[PDB]
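Report on the following structure.
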Amino acid sequence: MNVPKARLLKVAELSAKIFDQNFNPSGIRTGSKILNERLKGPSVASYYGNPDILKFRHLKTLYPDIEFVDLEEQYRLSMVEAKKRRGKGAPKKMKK
Amino acid sequence: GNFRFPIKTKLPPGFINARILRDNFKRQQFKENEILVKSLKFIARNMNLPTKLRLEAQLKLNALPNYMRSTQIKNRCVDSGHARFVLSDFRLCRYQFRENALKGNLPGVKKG
Amino acid sequence: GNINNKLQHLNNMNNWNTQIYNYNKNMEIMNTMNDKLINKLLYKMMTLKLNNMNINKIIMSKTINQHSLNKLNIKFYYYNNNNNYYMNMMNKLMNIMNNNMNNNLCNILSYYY
Amino acid sequence: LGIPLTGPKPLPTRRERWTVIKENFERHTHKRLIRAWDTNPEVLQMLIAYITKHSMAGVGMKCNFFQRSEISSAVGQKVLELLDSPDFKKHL
Amino acid sequence: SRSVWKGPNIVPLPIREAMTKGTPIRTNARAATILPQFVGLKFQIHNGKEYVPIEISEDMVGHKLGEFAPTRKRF
RNA sequence: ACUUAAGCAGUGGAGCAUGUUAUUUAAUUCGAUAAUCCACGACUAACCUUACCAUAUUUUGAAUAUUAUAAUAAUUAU
RNA sequence: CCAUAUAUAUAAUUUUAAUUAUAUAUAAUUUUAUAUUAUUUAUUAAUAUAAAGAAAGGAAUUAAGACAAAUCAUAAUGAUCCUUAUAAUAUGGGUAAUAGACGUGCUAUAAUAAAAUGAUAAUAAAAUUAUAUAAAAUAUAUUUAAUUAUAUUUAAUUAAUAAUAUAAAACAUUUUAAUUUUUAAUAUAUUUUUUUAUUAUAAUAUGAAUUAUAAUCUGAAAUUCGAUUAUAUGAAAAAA
Ligand SMILES: [Mg+2]
Ligand SMILES: [Mg+2]
Ligand SMILES: [Mg+2]
Ligand SMILES: [Mg+2]
């Protein structure tokens, strides 16, 4: 408290120089907190999982001597054909 | 207009709906432009710099599209796509959390 | 149900389908999601056919994903259904799980994990 | 391996809790501490390698190593690039 | 932005074509700060449905364009 | 015997916040309606969320499969 | 099964909280003895009195009927409808509008009650910190300092270690409108921080809505429409 402010300023400047710290005695806004902020892009981007997953359609190419069956896809195709038999199928999409 | 978004982005591996696609696209482009946004923000927010440089940086920030904004990213449930009551510890809405927890899918989680 | 004996009680670790602890919670959440997706893929992989009228539907349980420090082991139970001189479809499926040299499933999963 | 190890000191179990609206769920992190004393770095590396090779399902591990020793930027590299761009160089 | 040290919230605008040809500047940028040099210029500010035409004065400087294109009917 | 009744301890006429409803609105996203009562979810609505409105814009789109082309790697005999 | 009480193990008691932590085990759904009441007559029950006990709480765990529920956001399947649009994207707007009516909550309407102050720092638990957390210091508001709010700078810690964070009521002193129940001038006293005498001496120093000005915070952006601070403003709210 009784210590002169010049002595503490010299201490602060020399210490900041030693430890590689920004010495900003004027207190001006420097945007240094922006530089020191961490990049959160990777964690944010991996939110929904790794997209490079093996999928059912790849199985036909990896293991051609095994012919796998996707029950959901076959059921979807059967329903599509059943609707198209009743005349309840989707119309032809308009084209340019 | 083959792809609904300006930049081709791989689909997430699990459940999909239009809102999950929109959120995932914004997350990928935020990852890609984070350094640019931070650099422009630093230039705009440094009072040591001239006012014209700061104004130019702010103008470039306002010119960026919506899919680079960090504040536009919203945590959705990875199983149902809902955006309410999402627990960040599992990225699941509360119902999907309860379902998975009772099925033993969530490691360590027990009925209290 | 003696807890001090490994033959007289089910380990509490076994009442979770993903058995893991990571100090990095992000990675733990990612691994949980990976396990669920791989379980769905494996469910899709259990139906086979030897030309039409020859459908074979293997029924598997939920996978048990044992995550250790240096390895993941995906254990599952399954139910199926002169034989010495060919491989039926279920045998081919399991052999691609582990035994194929080039594109066996566990190597692809190792890249995924 | 010749390593003095004190023992698996019980450390406080962390409890995490979640309320589903009134169903309660919780997760318990159990923690053990094993400390090693008076050992060379190489033997201790052997310990870590061996116990990693033969680890159990569902157990994670953190290792702190204390080595007594003798006494003796992405944003910044982009800010320079932007400032040396025609859009910013023209105002300066 | 709102803190004054951050400066005005400037946005891109076709202002030169309105500073030479006297045409209105049609804008959805309701958050744009009205700068001192906007004075005299005619703006057409979106209110969500329509474009309210205004002419910028010096009393509007510092305010934002959206303040002069109300979005809801009063009653 | 839920309920009532009694006793104890409170809260309760205002301002604000937050919901619902009514009206309004381009939109005020959605929720009740067989006569006591009661349309009423928010672990966060500035943009996002969003479901609604206005104006522009996209048209096999996020999928799987078929059939062609144009390349790119592997293999035959070019 | 929690919790509670106890035993063993573990911790080189500086990751310290050994008054702790968390594994395993034990314990109780307590037991005994009389006396009086009743009794289906005791080897019963209740009450009381003695004796030994730390022992006094809680949760879960199955089916069957009835009705409701499409934010059934507790799904699936099916049917039906749209397919240049009932699908998809961007910009802005709305969900925040205001006559009413009601539910819930917060702040109040003062003296068994509010305010201020209390540094060798009265006294907690349970959580959180790699998509962080922010110490101490310095600067400004600002006034010796403190307090409070921001800025500058980021020390330590990714944690039984460091930080968020010196818990707050409590308690003590002082103050407090209504209240002439007070203050002040003179005397006065063996009440002196005080007594006595003579003189003068419905909304506050409650409440904090609303509004004005200037700053700040987050964010690319705070106009519709966010939060905070300072200087002003100072509404309604008293009875049943
Ligand atoms: Mg958000
Ligand atoms: Mg909106
Ligand atoms: Mg929009
Ligand atoms: Mg006051």
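Residue numbering restarts at 1 for every chain, and letters A, B, ... go by the order of the sequence lines.
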query: What does A/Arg38 touch in the nucleic acid at a heavy-atom separation under 4.0 angstrom: a base, only the sugar-phosphate, or nothing?
result: base
- line: By nearest-nucleotide position on RNA chain G, the 5'-leaning member of E/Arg74 and A/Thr30 is E/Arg74
- prompt: Does G/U158 adopt a syn or an anti glycosidic conformation, taking syn as a chi angle within 90° of 0?
  reply: syn
- prompt: Between C/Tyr21 and C/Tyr23, what is the ring plane arrangement, given parallel below 30°, perpendicular above 60°, and tilted in between?
  reply: perpendicular
- prompt: Is there a Watson-Crick or G-U wobble pair linking G/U109 and G/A200, both distances under 3.5 Å?
  reply: no
field: Boundaries of the chain A footprint along RNA chain F (any atom under 4.0 Å from a heavy atom)
entry: F/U59 to F/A65
Minimum-distance nucleotide (side-chain atoms of A/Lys5 versus G/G92, G/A25, G/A139): G/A139
query: What do you reckon, do F/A63 and F/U23 form a Watson-Crick or wobble pair with both distances under 3.5 Å?
result: no
Nearest to side-chain heavy atoms of E/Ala31, which nucleotide of G/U223, G/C81, G/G78: G/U223
query: When you check the phosphate oxygens OP1 and OP2 of G/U84, does a side-chain N or O of A/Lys93 lie under 4.0 Å from one of them?
result: yes
message: Could you work out, with side-chain contact (heavy atoms from CB on, under 4.5 Å) as the rule, every residue matching D/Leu47, not counting sequence neighbours?
response: D/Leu1, D/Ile3, D/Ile51
query: Between E/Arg72 and G/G93, does any side-chain N or O lie under 4.0 Å from OP1 or OP2?
result: no
message: In the structure I gave you, are the side-chain heavy atoms of C/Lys62 and C/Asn39 within less than 4.5 Å of one another anywhere?
response: yes
query: What about G/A151 and G/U138: are they a Watson-Crick or G-U wobble pair, with both distances under 3.5 Å?
result: yes
message: Base of G/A221, side chain of B/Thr71 - is there a donor-acceptor contact under 3.5 Å?
response: yes
- prompt: Backbone N or O of E/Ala31 within a donor-acceptor pair of the E/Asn9 side chain at under 3.5 Å?
  reply: yes
- request: Evaluate the base stacking between G/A222 and its strand neighbour G/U223 against centres under 5.5 Å and planes under 30°, returning yes or no.
  value: no
